[PDB]
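Okay, so here's just one chain, in C-alpha cells, the form deposited in one PDB entry.
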C-alpha cells in the first residue's frame, strides 16, 4: 500500500544531510516583497538557504518568527503570478508565461522561483499557489504523455487522440513525442532555469518516492476538509441524496482519513486545493461547477472521473464494502 506519511518521514530523514545549523536573515518590505525577496534569496549560497529562515519585515518586531516565515511563503507564492513580472500566468494553477523572455534577465527570476519552491519543500512550508499535475511530474522527473494533455490542452489532446483512435515529422512514438513537447512548448529555457534553482537547494531525486498528487499535497499541506460544506454543495445526476450508493459514498468519506479525502478530491477535481469560499465556489473548465456524482454503468464497472467537470461516475454498487474497495483502488492509482 501507498503511504504518504511514511514517504514524508523518509523525505525528512534524507533532508537532514542537507540541514545546516543557525539561521539566515531575509529582510523584505511588504511594498516591494517580490523584488526584495529576489535580491535577498539570490545573494545567498544554497547551503546558507538551508539554515533556519528568519524572515524580517522592518518596523515589525514580531516574536512569531515561524508565523512571519509562513506569511512570507504565502505572500511570495502570490507574487510569482503577478502580470507585472510576466513570469507565471494562470492555467491557483500556474504555468510559465512564454512571453517572459521580453525581460532579458527572465532566466534569473526563474532560477529564483526554482530556489523558492525547493525552499518551501526543504523548510516544510506550504505555498498558496500551485502548478499543473504534468508540472509536478516534471519536478519529480517522471515521464509525461498523452493522458497528461487532456487537462492542459483539450483541443490538442483530441487531435492527438484522433491519431491513436484512427490510422509526418521524425505513431505511438510520435504521439508521445508531440505530447511531451507540447507540455513544455516555448518554455524550455525557463523550465531549465527553474530546475537549476530548484536542484541547488533540494536535489529533485530526494522526492523520487512520491507521485505527482502527493507532491501537490506536500506543497499545499494536508488541509482538513469540511465534510458538511462538501455535502451541502454536492450535486447529483441519475442519483439523489437519498440513494444507497450516495449515502454509502458519504459514509466512505467519513470513514477514511484526511489524506484519503484529499486523494479523493484530487481524483474527482484534479487538485487537492479548494477555493477560499469552499465547495460552493468550485470551478470547472467551462464555468462554475460544483462537485457532481453521476450513476454510470453496472456493479462490475470501475469508478471514473471527469476532472474538467469535477464529476465522479459512480457505478451502482451492491454493498458499502464493494463501494469502499472500488473507490479506494480508483483514487490510489498513479
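Positions refer to the first chain, counted from 1. Each form is matched to the other, and the largest set of C-alpha atoms that superpose within 1.5 Å is called the rigid core.
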- [ ] Using what the record says, work out whether there is a hole in the model between residue 167 and residue 168 and how many deposited residues it spans (none, 1 to 3, 4 to 9, 10 or more).
- [x] 4 to 9
Open item on the list: Please classify the coordinate gap between residue 235 and residue 236 in terms of deposited residues: none, 1 to 3, 4 to 9, or 10 or more.
Closed with: none
Open item on the list: Mean CA temperature factor from the deposited coordinates, higher in 68-76 or in 147-155?
Closed with: 147-155
TODO: Output the stretch having the higher mean C-alpha B factor in the entry; the candidates are 210-218 and 257-265.
DONE: 257-265
Task: Which of 107, 91, 225, 96 ranks first by CA B-factor in the deposited coordinates - done: 91
TODO: Could you say which of 121, 247, 139, 201 has its CA atom at the highest B factor, as listed in the PDB entry?
DONE: 247
Open item on the list: Split into thirds by Cα B-factor across the chain's modelled residues, where does residue 129 land: lowest, middle or highest?
Closed with: middle
- [ ] Check where residue 163 lands among this chain's C-alpha B-factors and tell me if it's the lowest, middle or highest third.
- [x] highest
- [ ] Would you please rank residue 300 by its C-alpha temperature factor against the other modelled residues of its chain and give the third it falls in: lowest, middle or highest?
- [x] highest
- [ ] Give the position of residue 184 by CA B-factor within its chain, expressed as the lowest, middle or highest third.
- [x] middle
Task: Third of chain Cα B-factors occupied by residue 14 - done: middle
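Below, we refer to the form deposited in another entry, which is not included among the displayed structures.
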- [ ] Kindly specify the one residue in 248, 110, 136, 206 whose Cα moves by 2 Å or more between this form and the one not shown, with superposition done on the rigid core.
- [x] 248
- [ ] Classify residue 317 as shifted (yes) or not shifted (no) between this form and the one not shown, where shifted means its C-alpha moves by 2 Å or more with the rigid core superposed.
- [x] yes
Task: Flag for residue 233, CA shift 2 Å or larger between this form and the one not shown after aligning core - done: yes
- [ ] Would you say whether residue 36 is displaced between this form and the one not shown, judging by a C-alpha shift of 2 Å or more on the superposed rigid core?
- [x] no
Open item on the list: Since the Cα-Cα distance for residue 72 and residue 63 shifts by 3 angstroms or more in that other deposited form, is it a contraction (closer) or an expansion (farther)?
Closed with: closer
Task: Relative Cα spacing, residue 66 and residue 212, in that other deposited form - shift of 3 Å or more - done: farther
